[PDB]
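K.L.:
I have a structure I would like to understand better, so I am pasting it below and will then ask my questions one at a time.
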Amino acid sequence: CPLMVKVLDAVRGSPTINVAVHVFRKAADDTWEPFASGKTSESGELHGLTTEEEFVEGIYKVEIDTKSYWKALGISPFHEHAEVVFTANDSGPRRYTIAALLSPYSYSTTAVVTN
Amino acid sequence: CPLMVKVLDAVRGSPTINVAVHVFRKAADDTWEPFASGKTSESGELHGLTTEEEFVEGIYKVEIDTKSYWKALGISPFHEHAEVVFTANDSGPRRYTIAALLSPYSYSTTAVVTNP
Amino acid sequence: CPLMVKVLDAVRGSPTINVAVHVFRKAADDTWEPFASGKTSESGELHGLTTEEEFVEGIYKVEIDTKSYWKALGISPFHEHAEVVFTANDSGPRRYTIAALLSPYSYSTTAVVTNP
Amino acid sequence: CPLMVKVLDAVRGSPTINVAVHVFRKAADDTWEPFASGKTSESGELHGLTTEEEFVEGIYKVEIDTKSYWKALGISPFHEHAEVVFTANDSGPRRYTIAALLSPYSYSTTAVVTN
């Protein structure tokens, strides 16, 4: 499992359940090509997006549908979504966890990178 | 100003000068049209991007070139950029401050919205 | 001012007014002595806490009453307060801004330090 | 396991290893009384601090020694430590995870609270 996503709710103090997540890779003509997708579990986690052989060097984008989450809770949001864009595997293959912390008018994101 | 951007360095506890910023709007055909651009000052702030009459209802994108900032200090960071996407002026005119806080492997972003 | 405090609400995207703030210093016998206090203004800022001559070398504590803010809005939050502890003026006089960003179950804090 | 602590490094993109952590409970005369302590693992986590029968209602403090971590890495820090103070079990017993994200001049903390 070379790529995982984990999401938390700063208003309720809980994992973020049933949030949609889409992954893209950058094409040669500089457009974004669809790569993988899913929804977060009861623990706020999304596993099994890709494999070691498929996840080659390149530039990748992860888009989290934060607007649809806040609307389901009846709370007004600022952002359309939360994004993360990064270059992968520049010094060999690694395991990547993308962690996000969500509020209606503010978010933070962090990468935890292992061998 | 109806739109201002402010940027800080979380390693050094200091404003970030000379950081490039590009703004886009979503057009009727669902493509991103260039709207405004500039660089941050000595205080880490960028003013004067637009006017109340130009800044109508719509979906806007703010892209901050964080990778060039870290590379000039000798560091290879995780992110290519930081990008903030939002609907503006839906309930009438407002003033927007977009703040960003930077680390080599993390960033946060906050919006302050006021009615004049 | 050599010391300023600024507070924001991450649910509403707005400055937080009327929030209580208390400052303490560490004395020679390792006990906390009261140093200064005040409340935030309409812009969410608190100025005028001390002077350059009073603000000597030492360890300082800034306590922000976040629980009273949330309770007045009908909310029972996780934290009792937010408390920031730091050594000041070790390498000569500097100016300090202590910022805090608030949610019911989370808070962040940042220091901006400048030389005049 | 009613109480757990998890810590991450925003400069290096890694869990925070071998950071000291102390826990206190508030006494009747308003002083802080020592309660438990330990160090973070290779995954940045600290388990086994207390039990369900010992962890009664009251006000608790968690202190993370962030200054000693940055000094070990040769990086100048702003804060003496990171603190978290909270009232526990007001509506019955819960499981609490205290999550912290660290930079030399800035930190964030969040509670994840389960049944």
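Ordering of the structure tokens sets the chain letters (A, B, ...), residue numbers begin anew at 1 in every chain, and ligands are numbered from 1 in the order given.
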Applying 12 Å and only C-alpha atoms, which residues near region 17-20 of chain D remain after dropping the ones on its own chain fewer than 5 positions away? List them as an NGL selection string.
P.N.:
:D and (5-9 or 12 or 36-46 or 62-73 or 81-82 or 100 or 102)
K.L.:
Where in chain B does DSSP assign helix (DSSP H, G or I), given as an MDAnalysis selection string?
P.N.:
chainID B and resid 66:71
K.L.:
Can you superpose chain D onto chain A by least squares over all C-alpha atoms paired in order and give the moved copy as an mmCIF file with C-alpha atoms, in the first residue's frame?
P.N.:
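Output file superposed31.cif is given in full below:
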data_model
loop_
_atom_site.group_PDB
_atom_site.id
_atom_site.type_symbol
_atom_site.label_atom_id
_atom_site.label_comp_id
_atom_site.auth_asym_id
_atom_site.auth_seq_id
_atom_site.Cartn_x
_atom_site.Cartn_y
_atom_site.Cartn_z
ATOM 1 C CA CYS D 1 0.000 0.000 0.000
ATOM 2 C CA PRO D 2 2.086 2.954 -1.289
ATOM 3 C CA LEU D 3 -0.678 5.627 -0.865
ATOM 4 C CA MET D 4 -3.171 6.264 1.984
ATOM 5 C CA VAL D 5 -5.433 9.216 2.981
ATOM 6 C CA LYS D 6 -6.627 10.082 6.565
ATOM 7 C CA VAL D 7 -9.172 12.870 7.423
ATOM 8 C CA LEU D 8 -10.298 14.480 10.789
ATOM 9 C CA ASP D 9 -13.149 16.893 11.882
ATOM 10 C CA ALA D 10 -12.024 19.797 14.190
ATOM 11 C CA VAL D 11 -15.613 20.880 15.051
ATOM 12 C CA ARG D 12 -16.948 17.519 16.312
ATOM 13 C CA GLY D 13 -13.649 15.823 17.397
ATOM 14 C CA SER D 14 -14.132 12.762 15.187
ATOM 15 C CA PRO D 15 -12.901 10.998 12.026
ATOM 16 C CA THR D 16 -14.522 12.249 8.789
ATOM 17 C CA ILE D 17 -16.814 9.458 7.474
ATOM 18 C CA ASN D 18 -18.069 8.983 3.858
ATOM 19 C CA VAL D 19 -15.987 11.840 2.279
ATOM 20 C CA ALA D 20 -15.221 11.361 -1.433
ATOM 21 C CA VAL D 21 -11.573 11.450 -2.645
ATOM 22 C CA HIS D 22 -10.230 11.580 -6.279
ATOM 23 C CA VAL D 23 -6.610 11.012 -7.493
ATOM 24 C CA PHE D 24 -5.012 12.276 -10.785
ATOM 25 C CA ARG D 25 -1.666 12.066 -12.659
ATOM 26 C CA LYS D 26 -0.235 14.840 -14.868
ATOM 27 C CA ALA D 27 -0.143 14.037 -18.610
ATOM 28 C CA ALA D 28 2.506 15.096 -21.184
ATOM 29 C CA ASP D 29 0.279 17.921 -22.506
ATOM 30 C CA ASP D 30 -0.060 19.250 -18.904
ATOM 31 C CA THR D 31 -3.661 18.057 -18.348
ATOM 32 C CA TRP D 32 -4.898 16.027 -15.344
ATOM 33 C CA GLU D 33 -5.751 12.369 -16.059
ATOM 34 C CA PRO D 34 -8.015 10.315 -13.667
ATOM 35 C CA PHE D 35 -6.106 7.655 -11.706
ATOM 36 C CA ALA D 36 -8.150 6.327 -8.696
ATOM 37 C CA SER D 37 -11.050 7.183 -6.282
ATOM 38 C CA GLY D 38 -13.006 6.105 -3.138
ATOM 39 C CA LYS D 39 -14.729 7.149 0.115
ATOM 40 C CA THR D 40 -13.411 7.319 3.722
ATOM 41 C CA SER D 41 -14.247 4.552 6.232
ATOM 42 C CA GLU D 42 -15.700 4.734 9.767
ATOM 43 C CA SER D 43 -12.129 5.467 10.989
ATOM 44 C CA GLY D 44 -11.694 8.319 8.442
ATOM 45 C CA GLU D 45 -9.198 6.310 6.330
ATOM 46 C CA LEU D 46 -8.950 5.341 2.623
ATOM 47 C CA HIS D 47 -6.740 2.345 1.630
ATOM 48 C CA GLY D 48 -6.055 0.318 -1.551
ATOM 49 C CA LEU D 49 -5.875 3.146 -4.108
ATOM 50 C CA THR D 50 -2.849 1.795 -6.073
ATOM 51 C CA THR D 51 -0.009 -0.803 -6.204
ATOM 52 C CA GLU D 52 3.813 -0.670 -6.073
ATOM 53 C CA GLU D 53 4.143 -1.465 -9.798
ATOM 54 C CA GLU D 54 1.526 1.081 -10.996
ATOM 55 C CA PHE D 55 2.707 4.002 -8.792
ATOM 56 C CA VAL D 56 5.700 5.136 -10.949
ATOM 57 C CA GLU D 57 7.565 8.504 -10.775
ATOM 58 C CA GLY D 58 5.489 11.566 -11.739
ATOM 59 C CA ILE D 59 3.384 14.496 -10.480
ATOM 60 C CA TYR D 60 0.129 13.541 -8.625
ATOM 61 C CA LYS D 61 -2.998 15.451 -7.374
ATOM 62 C CA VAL D 62 -5.397 14.431 -4.500
ATOM 63 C CA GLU D 63 -8.808 16.248 -4.276
ATOM 64 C CA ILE D 64 -11.006 15.902 -1.112
ATOM 65 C CA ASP D 65 -14.750 16.889 -1.452
ATOM 66 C CA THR D 66 -14.986 18.975 1.757
ATOM 67 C CA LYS D 67 -17.982 21.074 0.576
ATOM 68 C CA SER D 68 -20.332 18.031 0.383
ATOM 69 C CA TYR D 69 -19.298 16.950 3.937
ATOM 70 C CA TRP D 70 -20.171 20.313 5.590
ATOM 71 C CA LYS D 71 -23.493 20.546 3.636
ATOM 72 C CA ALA D 72 -24.477 17.079 4.992
ATOM 73 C CA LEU D 73 -23.909 18.432 8.550
ATOM 74 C CA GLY D 74 -25.910 21.656 7.974
ATOM 75 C CA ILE D 75 -22.880 23.976 8.389
ATOM 76 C CA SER D 76 -21.852 26.748 5.921
ATOM 77 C CA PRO D 77 -18.403 26.152 4.257
ATOM 78 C CA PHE D 78 -15.824 28.536 2.670
ATOM 79 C CA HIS D 79 -13.824 26.271 0.260
ATOM 80 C CA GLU D 80 -14.992 24.286 -2.838
ATOM 81 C CA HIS D 81 -12.520 21.469 -1.892
ATOM 82 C CA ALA D 82 -9.068 20.725 -0.360
ATOM 83 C CA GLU D 83 -6.178 19.896 -2.751
ATOM 84 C CA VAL D 84 -2.687 18.423 -2.452
ATOM 85 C CA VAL D 85 -0.170 18.371 -5.413
ATOM 86 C CA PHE D 86 3.253 16.590 -5.181
ATOM 87 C CA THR D 87 6.142 14.867 -7.052
ATOM 88 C CA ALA D 88 6.415 11.174 -6.124
ATOM 89 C CA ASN D 89 9.322 8.712 -5.795
ATOM 90 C CA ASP D 90 12.161 11.098 -6.845
ATOM 91 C CA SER D 91 14.739 9.184 -4.743
ATOM 92 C CA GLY D 92 13.177 5.709 -5.057
ATOM 93 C CA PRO D 93 9.743 4.341 -3.970
ATOM 94 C CA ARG D 94 8.245 5.499 -0.651
ATOM 95 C CA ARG D 95 5.041 4.967 1.349
ATOM 96 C CA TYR D 96 2.947 8.176 1.574
ATOM 97 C CA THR D 97 0.188 9.082 4.087
ATOM 98 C CA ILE D 98 -1.713 12.331 3.308
ATOM 99 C CA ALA D 99 -3.275 13.682 6.554
ATOM 100 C CA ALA D 100 -5.921 16.462 6.559
ATOM 101 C CA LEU D 101 -7.548 18.424 9.452
ATOM 102 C CA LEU D 102 -10.839 20.249 8.580
ATOM 103 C CA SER D 103 -12.747 23.370 9.871
ATOM 104 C CA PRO D 104 -15.473 25.309 7.920
ATOM 105 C CA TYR D 105 -13.178 28.350 7.165
ATOM 106 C CA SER D 106 -9.652 26.701 7.555
ATOM 107 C CA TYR D 107 -7.719 23.449 6.756
ATOM 108 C CA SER D 108 -4.234 21.979 7.204
ATOM 109 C CA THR D 109 -2.527 19.138 5.384
ATOM 110 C CA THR D 110 0.673 17.166 6.093
ATOM 111 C CA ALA D 111 2.690 14.312 4.475
ATOM 112 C CA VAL D 112 4.146 11.411 6.492
ATOM 113 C CA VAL D 113 6.767 9.676 4.277
ATOM 114 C CA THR D 114 8.344 6.267 5.105
ATOM 115 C CA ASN D 115 10.952 4.036 3.328
#
K.L.:
For region 87-91 of chain B, please output as a VMD selection string all residues within 6 Å (counting only C-alpha atoms; exclusion window: fewer than 4 positions along the same chain).
P.N.:
chain B and resid 57 to 59
K.L.:
Would you export the selected residues with N, CA, C and O atoms as a PDB file, in the first residue's frame, please?
P.N.:
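What landed in part-v4.pdb:
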ATOM      1  N   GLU B  57     -19.479  38.395  -8.594  1.00  0.00           N
ATOM      2  CA  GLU B  57     -19.817  37.007  -8.249  1.00  0.00           C
ATOM      3  C   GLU B  57     -19.027  36.019  -9.103  1.00  0.00           C
ATOM      4  O   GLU B  57     -18.832  36.251 -10.304  1.00  0.00           O
ATOM      5  N   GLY B  58     -18.566  34.929  -8.486  1.00  0.00           N
ATOM      6  CA  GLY B  58     -17.991  33.800  -9.236  1.00  0.00           C
ATOM      7  C   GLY B  58     -17.143  32.833  -8.403  1.00  0.00           C
ATOM      8  O   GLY B  58     -17.039  32.994  -7.186  1.00  0.00           O
ATOM      9  N   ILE B  59     -16.558  31.831  -9.063  1.00  0.00           N
ATOM     10  CA  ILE B  59     -15.606  30.892  -8.426  1.00  0.00           C
ATOM     11  C   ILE B  59     -14.166  31.343  -8.758  1.00  0.00           C
ATOM     12  O   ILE B  59     -13.825  31.531  -9.938  1.00  0.00           O
TER      13      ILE B  59
END
K.L.:
Please, which residues of chain B lie no more than 8 Å from chain A when the count uses only C-alpha atoms, and can they be set out as an NGL selection string?
P.N.:
:B and (78-87 or 105-112)
K.L.:
Write the residues of the preceding selection, restricted to N, CA, C and O atoms, as a PDB file, in the first residue's frame.
P.N.:
ATOM      1  N   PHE B  78       7.803  18.986   0.057  1.00  0.00           N
ATOM      2  CA  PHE B  78       6.814  18.006  -0.418  1.00  0.00           C
ATOM      3  C   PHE B  78       5.879  18.566  -1.518  1.00  0.00           C
ATOM      4  O   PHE B  78       5.713  17.933  -2.577  1.00  0.00           O
ATOM      5  N   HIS B  79       5.281  19.738  -1.278  1.00  0.00           N
ATOM      6  CA  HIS B  79       4.229  20.276  -2.174  1.00  0.00           C
ATOM      7  C   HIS B  79       4.790  21.044  -3.384  1.00  0.00           C
ATOM      8  O   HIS B  79       5.812  21.727  -3.272  1.00  0.00           O
ATOM      9  N   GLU B  80       4.102  20.959  -4.529  1.00  0.00           N
ATOM     10  CA  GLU B  80       4.446  21.773  -5.710  1.00  0.00           C
ATOM     11  C   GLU B  80       4.021  23.243  -5.555  1.00  0.00           C
ATOM     12  O   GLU B  80       4.653  24.156  -6.117  1.00  0.00           O
ATOM     13  N   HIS B  81       2.941  23.450  -4.805  1.00  0.00           N
ATOM     14  CA  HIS B  81       2.322  24.768  -4.585  1.00  0.00           C
ATOM     15  C   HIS B  81       1.293  24.666  -3.449  1.00  0.00           C
ATOM     16  O   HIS B  81       1.081  23.582  -2.908  1.00  0.00           O
ATOM     17  N   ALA B  82       0.676  25.793  -3.079  1.00  0.00           N
ATOM     18  CA  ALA B  82      -0.557  25.802  -2.260  1.00  0.00           C
ATOM     19  C   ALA B  82      -1.673  26.503  -3.044  1.00  0.00           C
ATOM     20  O   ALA B  82      -1.484  27.631  -3.506  1.00  0.00           O
ATOM     21  N   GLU B  83      -2.832  25.854  -3.178  1.00  0.00           N
ATOM     22  CA  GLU B  83      -3.911  26.363  -4.039  1.00  0.00           C
ATOM     23  C   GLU B  83      -5.267  26.406  -3.323  1.00  0.00           C
ATOM     24  O   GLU B  83      -5.736  25.385  -2.805  1.00  0.00           O
ATOM     25  N   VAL B  84      -5.886  27.591  -3.309  1.00  0.00           N
ATOM     26  CA  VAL B  84      -7.114  27.877  -2.531  1.00  0.00           C
ATOM     27  C   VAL B  84      -8.273  28.202  -3.503  1.00  0.00           C
ATOM     28  O   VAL B  84      -8.147  29.134  -4.297  1.00  0.00           O
ATOM     29  N   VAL B  85      -9.370  27.430  -3.455  1.00  0.00           N
ATOM     30  CA  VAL B  85     -10.524  27.587  -4.398  1.00  0.00           C
ATOM     31  C   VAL B  85     -11.851  27.854  -3.648  1.00  0.00           C
ATOM     32  O   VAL B  85     -12.216  27.082  -2.747  1.00  0.00           O
ATOM     33  N   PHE B  86     -12.569  28.924  -4.029  1.00  0.00           N
ATOM     34  CA  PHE B  86     -13.752  29.418  -3.271  1.00  0.00           C
ATOM     35  C   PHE B  86     -14.770  30.226  -4.101  1.00  0.00           C
ATOM     36  O   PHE B  86     -14.388  30.910  -5.057  1.00  0.00           O
ATOM     37  N   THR B  87     -16.054  30.147  -3.728  1.00  0.00           N
ATOM     38  CA  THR B  87     -17.090  31.051  -4.275  1.00  0.00           C
ATOM     39  C   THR B  87     -17.072  32.399  -3.534  1.00  0.00           C
ATOM     40  O   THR B  87     -17.049  32.441  -2.292  1.00  0.00           O
ATOM     41  N   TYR B 105       7.085  20.113   4.858  1.00  0.00           N
ATOM     42  CA  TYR B 105       6.177  18.969   4.600  1.00  0.00           C
ATOM     43  C   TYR B 105       4.693  19.191   5.021  1.00  0.00           C
ATOM     44  O   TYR B 105       3.920  18.225   5.125  1.00  0.00           O
ATOM     45  N   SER B 106       4.296  20.458   5.222  1.00  0.00           N
ATOM     46  CA  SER B 106       2.920  20.812   5.670  1.00  0.00           C
ATOM     47  C   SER B 106       2.565  22.271   5.353  1.00  0.00           C
ATOM     48  O   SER B 106       3.452  23.129   5.347  1.00  0.00           O
ATOM     49  N   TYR B 107       1.290  22.537   5.056  1.00  0.00           N
ATOM     50  CA  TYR B 107       0.781  23.921   4.997  1.00  0.00           C
ATOM     51  C   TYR B 107      -0.650  24.020   5.525  1.00  0.00           C
ATOM     52  O   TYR B 107      -1.430  23.071   5.421  1.00  0.00           O
ATOM     53  N   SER B 108      -0.980  25.166   6.114  1.00  0.00           N
ATOM     54  CA  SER B 108      -2.359  25.452   6.491  1.00  0.00           C
ATOM     55  C   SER B 108      -2.825  26.746   5.827  1.00  0.00           C
ATOM     56  O   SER B 108      -2.005  27.579   5.426  1.00  0.00           O
ATOM     57  N   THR B 109      -4.142  26.894   5.698  1.00  0.00           N
ATOM     58  CA  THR B 109      -4.758  28.091   5.071  1.00  0.00           C
ATOM     59  C   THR B 109      -6.077  28.490   5.772  1.00  0.00           C
ATOM     60  O   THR B 109      -6.868  27.622   6.142  1.00  0.00           O
ATOM     61  N   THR B 110      -6.298  29.795   5.942  1.00  0.00           N
ATOM     62  CA  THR B 110      -7.466  30.337   6.669  1.00  0.00           C
ATOM     63  C   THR B 110      -8.060  31.528   5.889  1.00  0.00           C
ATOM     64  O   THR B 110      -7.310  32.301   5.294  1.00  0.00           O
ATOM     65  N   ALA B 111      -9.390  31.656   5.873  1.00  0.00           N
ATOM     66  CA  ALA B 111     -10.043  32.840   5.286  1.00  0.00           C
ATOM     67  C   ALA B 111     -10.692  33.713   6.364  1.00  0.00           C
ATOM     68  O   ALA B 111     -11.422  33.189   7.214  1.00  0.00           O
ATOM     69  N   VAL B 112     -10.416  35.022   6.334  1.00  0.00           N
ATOM     70  CA  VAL B 112     -11.132  36.015   7.166  1.00  0.00           C
ATOM     71  C   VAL B 112     -12.025  36.869   6.246  1.00  0.00           C
ATOM     72  O   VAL B 112     -11.523  37.514   5.310  1.00  0.00           O
TER      73      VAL B 112
END
K.L.:
Please find the residues of chain B near chain C - the criterion being any atom within 12 Å, counting only C-alpha atoms - and write them as a list in words.
P.N.:
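Close enough to count are residues 7, 8, 9, 10, 11, 12, 13, 14, 15, 16, 42, 43, 44, 95, 96, 97, 98, 99, 100, 101, 102, 108, 109, 110, 111, 112, 113, 114 and 115 of chain B.
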K.L.:
Could you give me, as a list in words, the residues within 9 Å of residue 69 (chain C), counting only C-alpha atoms and dropping anything in the same chain fewer than 4 positions from it?
P.N.:
residues 16, 17, 18, 19, 20, 65, 73 and 75 of chain C
K.L.:
Would you pick out the contacts of residue 2 (chain C) at 9 Å or less, using only C-alpha atoms, so that residues sharing its chain but fewer than 2 positions from it are not included, and give the list as a VMD selection string?
P.N.:
chain C and resid 4 48 to 52 55 93 to 97
K.L.:
CA of residue 54 (chain B) to CA of residue 24 (chain B): how many Å, to one decimal?
P.N.:
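Between these atoms lies a distance of 13.0 Å.
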K.L.:
Enumerate the residues of region 40-97 of chain C with a DSSP assignment of strand (DSSP E), computed from the backbone, and present them as a PyMOL selection string.
P.N.:
chain C and resi 45-46+58-64+82-88+95-97
K.L.:
For a test of reading the model, state the distance in Å between CA of residue 35 (chain C) and CA of residue 71 (chain C), rounded to one decimal.
P.N.:
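CA of residue 71 (chain C) lies 26.8 Å from CA of residue 35 (chain C).
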K.L.:
Would you mind reading off the distance between CA of residue 61 (chain C) and CA of residue 1 (chain C), one decimal, in Å?
P.N.:
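Calculated distance between CA of residue 61 (chain C) and CA of residue 1 (chain C) is 17.3 Å.
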